[PDB]
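**Q**
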Amino acid sequence: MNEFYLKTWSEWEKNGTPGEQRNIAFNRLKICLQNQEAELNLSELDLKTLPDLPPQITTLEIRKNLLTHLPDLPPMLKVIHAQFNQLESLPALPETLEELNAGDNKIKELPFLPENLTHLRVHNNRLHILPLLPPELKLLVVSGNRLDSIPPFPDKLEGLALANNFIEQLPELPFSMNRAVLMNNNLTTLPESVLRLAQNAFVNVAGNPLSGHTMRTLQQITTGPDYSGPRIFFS
Amino acid sequence: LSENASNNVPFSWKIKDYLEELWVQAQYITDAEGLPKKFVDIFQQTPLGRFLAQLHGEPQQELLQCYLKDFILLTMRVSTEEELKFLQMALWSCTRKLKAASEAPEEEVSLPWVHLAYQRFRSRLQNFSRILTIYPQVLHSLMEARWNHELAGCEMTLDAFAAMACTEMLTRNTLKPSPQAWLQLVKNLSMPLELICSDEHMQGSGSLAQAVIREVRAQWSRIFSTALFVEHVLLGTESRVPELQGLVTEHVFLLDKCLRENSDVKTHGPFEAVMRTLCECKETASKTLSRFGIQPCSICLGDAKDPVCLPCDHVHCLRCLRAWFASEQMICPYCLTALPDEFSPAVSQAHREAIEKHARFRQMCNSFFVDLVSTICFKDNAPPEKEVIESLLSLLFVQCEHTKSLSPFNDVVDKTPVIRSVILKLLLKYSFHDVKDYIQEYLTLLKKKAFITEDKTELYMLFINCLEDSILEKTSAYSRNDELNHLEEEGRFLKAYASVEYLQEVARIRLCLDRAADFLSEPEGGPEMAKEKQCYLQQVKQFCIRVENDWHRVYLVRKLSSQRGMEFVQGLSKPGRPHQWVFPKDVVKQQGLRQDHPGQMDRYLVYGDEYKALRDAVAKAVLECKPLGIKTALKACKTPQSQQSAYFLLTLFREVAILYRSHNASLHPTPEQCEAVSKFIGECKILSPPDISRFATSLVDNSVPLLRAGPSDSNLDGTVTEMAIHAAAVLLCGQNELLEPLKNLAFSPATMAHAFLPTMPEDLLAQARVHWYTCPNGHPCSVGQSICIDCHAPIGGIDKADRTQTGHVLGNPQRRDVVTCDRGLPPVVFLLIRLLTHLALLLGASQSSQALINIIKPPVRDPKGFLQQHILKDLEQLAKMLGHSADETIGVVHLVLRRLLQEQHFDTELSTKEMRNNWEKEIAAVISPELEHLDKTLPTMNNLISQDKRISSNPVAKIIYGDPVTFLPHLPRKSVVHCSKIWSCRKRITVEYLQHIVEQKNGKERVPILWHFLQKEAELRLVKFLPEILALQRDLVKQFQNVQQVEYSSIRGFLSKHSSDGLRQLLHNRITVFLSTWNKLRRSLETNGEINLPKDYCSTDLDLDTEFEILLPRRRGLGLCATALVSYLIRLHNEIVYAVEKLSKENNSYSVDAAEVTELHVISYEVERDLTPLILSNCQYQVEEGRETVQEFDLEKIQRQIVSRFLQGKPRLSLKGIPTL
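So the protein sequences, as listed, match chains B and A.
The authors' numbering puts the first sequence at residues 37 to 271.
The authors' numbering puts the second sequence at residues 3701 to 4099, 4111 to 4208, 4221 to 4491, 4499 to 4514, 4522 to 4535, 4548 to 4654, 4664 to 4979.
Structure representation (structure tokens):
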């Protein structure tokens, strides 16, 4: 609908390599802008770069592409599906945003996390550090990273995934935790709060170099007749 | 020379042969530095000297430019005229170079200088010929490389220029003609180009030559490091994983680009580059192989198996994802996405096969390539720069740490740490004065790995093993005379006396004591060689009782007992003996306090505790003279009655009969108990059959013919007596139907007068080519109108006289080193049948000696000092082959006999050869099964032996088997190096031991070339003597023109008939070589060769008193020997080469004939040199935490180094070596 937007998208389509399906993305951008559609779907189009995005979109579906960098994110955006890309960094995240799935990428550092972030999936990345988690965050996925430590968890957090990392110590887990994915790390001990989780919570700490005092304590607590904590898997 | 062409100088052959004997005279008339002068004076005072010296001016050069042409024609075989011209100019350059420093440079040149130049520069000229015959194109490009390569002739530079032409051709023709062919071409050039690059080949080279050598080394590095890529990766990645094939061709060229600017891989720059190309190709192809790039699954952190592409698109293996497959939750650790619990996970095989298959193959090719790069980095004489070694040893860890198998990747991890020796050995190949810091750093970061367990005695025994191997295969076995100084030098490191310096000290002391051990344990009777073995012994004397550490003597006792046996060590220390020096014990007083019984191990203890109880009961019955308890002990135990009888007979031998061995007749069994035990064999119903009862009664009263009043002098008839009595028991009480031939070989061995004894040489020309064909008048013709060369019969190549013999065919056991068999039997099983036949004939040579005298076909005088010294040789060979100690080898013989006995589940005469073959192959199926069970049954035997009451008090019986810390309160125990595991005795590695590992870890289908080399290695080291017996077999034919009456028949007279002693000395040195080769190979010729030799011919050894008709290679009579020997050597060589015309898989026929034969075309490999250290090097040791180091030979690498250093390709065809009078 917009003349400047259509001109920019036409130039972007005309400036694409043969491997990219820029005609389909161009037509879909025109359709989304004309109808003010809430969701823009450009996934599995072998796109390497993206032009200026429609400002009214709330969900961005750009997974399974060859994108290395992303343009400015619209301020009304809420959910991002940009997994399976070649992204090295991410732009500023909108405040209205809630959902990211940036797994299977080559990012090294994350920008500031929005206050309304709900679920985070940055697995299979090259992160060496994490930003401070938002208070409302419920799920974070940082599996297969190079993290040496993890920031303190919020009190509304329900799911944690940190397998295949280099974390040495775990902060105290909130009672809202119901599933902890913690295998393949350099952990020598577990915080006591892991014993205070709900009975139906799931925790696996296999592959961790837990000390003898730690496994003695865990064996004493978990095998007790009055134990009501979560089920912990060591293998 | 072709038709109508003549010699360049008249009578060119006589001049050359005249000069080549004046040179021989000058050899012994003076020393090495006197030759260049004396040869010239000798040829200058000769009449030909003035005949030529009168000629002056440029005519001189004329003659010379002719002579050194014809010389080449009379010494080499120039394929074309261009090669002849190139060799001419090369030899002219060499001659001028020699004349440059001659006290008369460029005044007048003379004929002897050509001979001097060729003799000094023979290796370079022949290597040049090899280069120009591997690929002729090199000469073509070299043809214009005289204007292109301005050739100023003052030194031999032509070979290096040819090397550059060839290597530029290689660089400009990479992968071009079906890269397999390029691979074979570079591998064929490997030897000549490396020799050119080798420093000890171009000693006298000049500045230009040194520069061109530098340049050719620079190109050869990249050509050869790339070369191995082309071998492991391209050639092979994709025979199997195809999609990658063309893909790999993309990166190979890139590899050269990475090495194009610089190719010095043993440097920071170039090495950090190869590593990079390789990593990149790996990643790129992994990506291609799959849509998203393949990576191992999260929880398993191993690989991927039976997976499925979930909505998470993460192939996660089933039984590892069982945490979610059993708790019934539906997320994967990577994505955590969850569709509701209703979906059923499964297996996607098409993806699964690809992932699993790619992983195994990708990991193998890359590892091979990396290994081959570290071994072109660790090559010449100095370790790579500090950064290179730091990056190498730092690559062993993942930061599951330190589970990396020396790979530049980061994806494969095995398990909890497995410390390997791949990096330590290639780093220790140099001297222990420049790699000390590297190894100490390696072990210091090794102990900080993951809190290595405190029980660190199986890690130090890995570093000590690797240090000992390097010391023993780096300078301990390379020398020929320097040992005379080494034996003194180690003596020095006995006058002045855990980190790596201390570990090296410990290993060197262990090897010093190891050599002192087999200097201390050699058969007495030849007492000589005083200086070395007594100065060294006194040095060890002062070292041991000067250090005050009582562990070295413990190691000495352990090595002595593992070399000769327990009894030798026990008898080595008895107060007051003259042969006794009580050195290695510090325990003489304690053993002398318990001197009533020195100690005898019941080696029959491999039966269970049942025989252990029966022997105790029998001993009690005998000493109390009340034997009725035996009659209930037999009832107390419970086995099949045959085993009952065998155990009882062995008990009488061990407790009753053996007492008739002590010279102290007072200790002999008094008749009081003998009467009772004889009576109770009488009332024994278990010994119901007559023969067993008679044998038992004979054993009790010492009336068994084997245990006669006079046995052998020492305890050689002691262990053999034990084995023979066990064989007696097994044959008497055994019920198996295939034991009958061994029974009849004993027990009246007169029926077995016309039977083929098992494991005897067979007529190889009976079961099944290029071999010689027979003319109607019995003459072996050449390879196969055409007529016979001799007697001119109307036949030509273009009956059933089976030479097999019955009885004991082989002769003097004193000449016997390696076992060679047929009929597809393992050497271990083959020996243990040749040891059970000698154990069924020695007992047979006790009832009637004359009957066996008619069986041993090379007749002897006493078939009881013959067969016992034969069984001693059998045991010595078995010890080397299995690697166990002497006592354990007697034990394995006993265990094999037990397996024959405890077996309760085709002829009884062995009348026909095929029937003997069938009996062999049917007893091999019973001997073999619990012969591979020697890793668990032997420890059980050792426990039962060093657990019994008889010896579990002797000090020496605890040093050998138990732990000396328990009973000796004088061993220094402060450090880890003082534990009784480091000072234990390992098994020495020999060529014969490897012949057992190769055929155990199946090697008739996995390493065919190594198997065909090892199983014929005994007589293959004699092939290198072919260029010597093809020289005196052609120097005689020339000398012996047709005289048709060679009357004289004594080589000694011929050797004395020559004047000018030096010449007869040379003929003596050659005839000795021929005689040594014939005497050391004659026995195999008569039953293995193809030229039918009269059976008397290969019967007795030859020396300098036989007929002169031997040497002449005539086709009939005495000359058939000197033809059969050469034919057999040629057959061995071409058989090995044909075995190489395998896996290389491409036909290649150099096909040198037996008149051009030189040192290059024969497999020339002395055993202590290249063969022994190479096998020691590839022995790699892996230690797993909580587990002892495991010896692991790498058979593929050994085979590759064998074929790429001796067996590349050099085939042969027999068409001469004949009296062309």
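Note that the Cβ used here is the ideal one computed from N, Cα and C, for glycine as well.
#1: Grab me the residues of B/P187's own chain with a C-beta within less than 8 angstroms of its C-beta, minus the 5 sequence neighbours each way, in chain order.
#2: To the nearest angstrom, how far is it from the Cα of A/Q4705 to the Cα of A/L4328?
#3: Apart from the five residues just before and just after A/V4558, which ones in its own chain have a Cβ nearer than 7 angstroms to its Cβ?
#4: Can you check whether the C-beta of A/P4040 is within less than 8 angstroms of a C-beta belonging to chain B?
#5: Does DSSP classify A/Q4940 as helix, strand or coil?
#6: With a threshold of 8 angstroms between beta-carbons, can B/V217 be considered close to chain A, or not?
#7: Span of the alpha helix (DSSP H) holding A/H3951?
#8: To which residues of the same chain is A/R3846 closer than 6 angstroms at the C-beta, ignoring the five residues directly before and after it?
#9: For the segment 4960-4975 of chain A against the segment 4911-4925 of chain A, do three or more pairs of beta-carbon atoms, one drawn from each stretch, fall closer than 8 angstroms, so that the two count as touching?
#10: Looking at the C-beta of A/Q4029, does it have a partner C-beta in chain D at a distance below 8 angstroms?
#11: Please give the ranges of any alpha helix (DSSP H) in the segment 3961-4004 of chain A, keeping only runs that are unbroken, at least 4 residues long and fully inside the region.
#12: Can at least three beta-carbon pairs, one atom from the segment 4936-4948 of chain A and one from the segment 4175-4184 of chain A, be found at a separation below 8 angstroms?
#13: Mark residue 4547 of chain A as exposed unless 16 or more other C-beta atoms lie within 10 angstroms of its C-beta, in which case mark it buried.
#14: Can you tell which of A/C3979, A/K3966, A/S3963, A/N3873 has its C-alpha closest to the C-alpha of A/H3951?
#15: For A/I4130, which residues does DSSP report across the bridge?
#16: Would you kindly work out how many angstroms separate the C-alpha atoms of A/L4390 and A/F4376, rounded to a whole number?
#17: Per DSSP, which residues does A/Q4949 bridge with? Please list them.
#18: My output table needs one value for B/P188: the three-state DSSP class, helix, strand or coil.
#19: Could you check which residue in A/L4590, A/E4445, A/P4713 has the C-alpha nearest to that of A/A4476?
#20: Can you check which of these residues, B/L146, B/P90, B/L86, is closest to B/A74 by C-alpha distance?
#21: Considering Cα atoms alone, identify which of A/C4407, A/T4474, A/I4381 is closest to A/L4430.
#22: Hey, quick one: how far does the beta strand (DSSP E) through B/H155 stretch, first residue to last?
#23: Measuring CA to CA, which of A/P4576, A/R4384, A/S4595 is closest to A/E4750?
#24: In chain order, what residues of the same chain have a beta carbon less than 7 angstroms from the beta carbon of A/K4256, not counting five sequence neighbours either side?
#25: Let me know the secondary structure DSSP gives B/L246 once reduced to three states.
#26: Assuming B/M213 contacts B/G243 under a Cβ cut-off of 8 angstroms, what Cβ separation, rounded to an integer in Å, is found between them?
#27: Using a Cβ cut-off of 8 angstroms, which residues of the segment 150-168 of chain B contact any Cβ in chain A, in chain order?
#28: Rounded C-beta distance between B/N152 and B/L163? I'm assuming under 8 angstroms.
#29: Should B/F270 be flagged as near chain A, meaning a C-beta pair shorter than 8 angstroms?
#30: By Cβ distance, which residues of its chain are closer than 8 angstroms to A/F3743, with the 5 residues on each side in sequence left out?
#31: Would A/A4594 pass as a contact of A/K4613 if the rule is Cβ separation under 8 angstroms?
#32: Quick check on this structure: which residue in A/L4870, A/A4161, A/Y4149 has the alpha carbon closest to the alpha carbon of A/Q4791?
#33: A/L4373 and residue 4492 of chain A - do their beta-carbons sit closer together than 8 angstroms?
#34: Hey, how far is the Cα of A/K4774 from the Cα of A/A3726?
#35: So A/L4574 and A/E4678 are supposed to be a Cβ contact under 8 angstroms. How far apart are they, rounded?
#36: Do you know whose CA, among B/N240, B/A138, B/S229, lies nearest B/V217's CA?
**A** Reading off the structure:
#1: Within the first sequence, numbered from 1, the residue matching residue 187 of chain B stands at position 151. Cβ-Cβ distances below 8 angstroms link B/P187 to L166, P167, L168, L169, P207 in the same chain, with the five nearest sequence neighbours on each side left out; the list follows chain order.
#2: By 1-based counting over the second sequence, the position of residue 4705 of chain A is 947. By 1-based counting over the second sequence, the position of residue 4328 of chain A is 605. The straight-line gap separating the alpha-carbon atoms of A/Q4705 and A/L4328 is approximately 11 angstroms.
#3: Residue 4558 of chain A sits at position 809 when you count from the first residue of the second sequence. Here A/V4558 has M4483, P4484, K4606 as same chain residues with Cβ atoms under 7 angstroms from its own Cβ, once five neighbours each way along the sequence are excluded.
#4: For the purposes of this step, residue 4040 of chain A is taken as residue 340 along the second sequence, with counting starting at 1. No, no contact with chain B.
#5: Start at 1 with the first residue of the second sequence, and residue 4940 of chain A comes out as number 1182. Judged by DSSP in its simplified three-state form, A/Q4940 adopts strand.
#6: Position 181 of the first sequence, counting from 1, holds the residue named residue 217 of chain B. When Cβ-Cβ separations below 8 angstroms define contact, B/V217 makes contact with chain A.
#7: As a first step, residue 3951 of chain A must be located in the second sequence, where it is residue number 251. In the DSSP annotation of this structure, the continuous segment of the alpha helix (DSSP H) that includes A/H3951 starts and ends at 3944-3960.
#8: Working through the second sequence from its first residue, we reach residue 3846 of chain A at position 146. Closer than 6 angstroms at the Cβ level, and outside the excluded window around A/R3846, lies no residue.
#9: In short, these stretches touch, since the Cβ pair count reaches three.
#10: Absent here is chain D; the protein component of the structure consists of chains B and A.
#11: List check, alpha helix (DSSP H) in window: 3968-3989.
#12: They touch, by the three-pair rule.
#13: Not modelled: residue 4547 of chain A, which lies between 4535 and 4548, the two residues flanking a gap in chain A.
#14: Translated into positions along the second sequence, residue 3951 of chain A becomes position 251. When each option's Cα is compared against that of A/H3951, the closest is A/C3979.
#15: Stepping through the second sequence from its first residue, residue 4130 of chain A is reached at position 419. Paired residues: A/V4941.
#16: In the second sequence, counting from the first residue as 1, residue 4390 of chain A sits at position 667. In the second sequence, counting from the first residue as 1, residue 4376 of chain A sits at position 653. For A/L4390 and A/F4376, the gap between their C-alpha atoms comes out near 16 angstroms.
#17: Position 1191 of the second sequence, counted from the start, is the residue given in the question as residue 4949 of chain A. When DSSP reads this structure, A/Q4949 sits in a beta bridge with A/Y4939.
#18: Sequence index remark: in the first sequence, residue 188 of chain B carries index 152 (1-based). Assigned with DSSP and collapsed to three states, B/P188 falls in coil, not helix or strand.
#19: Reading the second sequence from its first residue, position 753 is the one you call residue 4476 of chain A. With distances taken between Cα atoms, A/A4476 lies closest to A/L4590.
#20: On the first sequence, position 38 is the one that residue 74 of chain B refers to. The shortest Cα separation from B/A74 among B/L146, B/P90, B/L86 belongs to B/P90.
#21: Counting from one through the second sequence, the residue named residue 4430 of chain A turns up at place 707. With respect to the C-alpha of A/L4430, the residue from A/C4407, A/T4474, A/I4381 having the closest C-alpha is A/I4381.
#22: By one-based count along the first sequence, residue 155 of chain B stands at place 119. Unbroken beta strand (DSSP E) run through B/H155: 155-157.
#23: Within the second sequence, numbered from 1, the residue matching residue 4750 of chain A stands at position 992. Of the candidates A/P4576, A/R4384, A/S4595, the one whose C-alpha sits nearest the C-alpha of A/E4750 is A/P4576.
#24: Numbered from its first residue, the second sequence carries residue 4256 of chain A at position 533. Counting only Cβ-Cβ distances below 7 angstroms, and skipping sequence neighbours, we find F4242.
#25: Translated into positions along the first sequence, residue 246 of chain B becomes position 210. DSSP places B/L246 in coil when its eight states are reduced to three.
#26: Walking along the first sequence from the start, residue 213 of chain B turns up at place 177. Walking along the first sequence from the start, residue 243 of chain B turns up at place 207. The pair is not a contact, with the Cβ atoms about 20 angstroms apart (cut-off 8 angstroms).
#27: Within the segment 150-168 of chain B, the residues whose Cβ lies closer than 8 angstroms to some Cβ of chain A are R157, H159, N160, listed in chain order.
#28: To locate residue 152 of chain B, count along the first sequence from 1; it is residue 116. To locate residue 163 of chain B, count along the first sequence from 1; it is residue 127. B/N152 to B/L163, Cβ: 21 angstroms. No contact.
#29: Counting from 1 along the first sequence, the entry for residue 270 of chain B is found at position 234. Not one beta carbon of chain A lies nearer than 8 angstroms to the beta carbon of B/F270.
#30: Here residue 3743 of chain A refers to the residue found at position 43 of the second sequence. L3719, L3722, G3749, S3810, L3811, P3812, listed in sequence order.
#31: As a first step, residue 4594 of chain A must be located in the second sequence, where it is residue number 845. As a first step, residue 4613 of chain A must be located in the second sequence, where it is residue number 864. For A/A4594 and A/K4613, yes; Cβs fall inside 8 angstroms.
#32: The count along the second sequence starts at 1 and reaches residue 4791 of chain A at position 1033. Nearest to A/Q4791 by C-alpha distance, out of A/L4870, A/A4161, A/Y4149, is A/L4870.
#33: Since chain A is numbered 4491 and then 4499, with no step between, residue 4492 of chain A has no place in the structure shown.
#34: Here residue 4774 of chain A refers to the residue found at position 1016 of the second sequence. Here residue 3726 of chain A refers to the residue found at position 26 of the second sequence. Answer to the nearest angstrom: the Cα atoms are 41 angstroms apart.
#35: Indexing the second sequence from 1 puts residue 4574 of chain A at position 825. Indexing the second sequence from 1 puts residue 4678 of chain A at position 920. Correct: roughly 7 angstroms between the Cβ atoms.
#36: Here residue 217 of chain B corresponds to residue number 181 of the first sequence, with the count starting at 1. Among B/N240, B/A138, B/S229, the Cα nearest to that of B/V217 belongs to B/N240.
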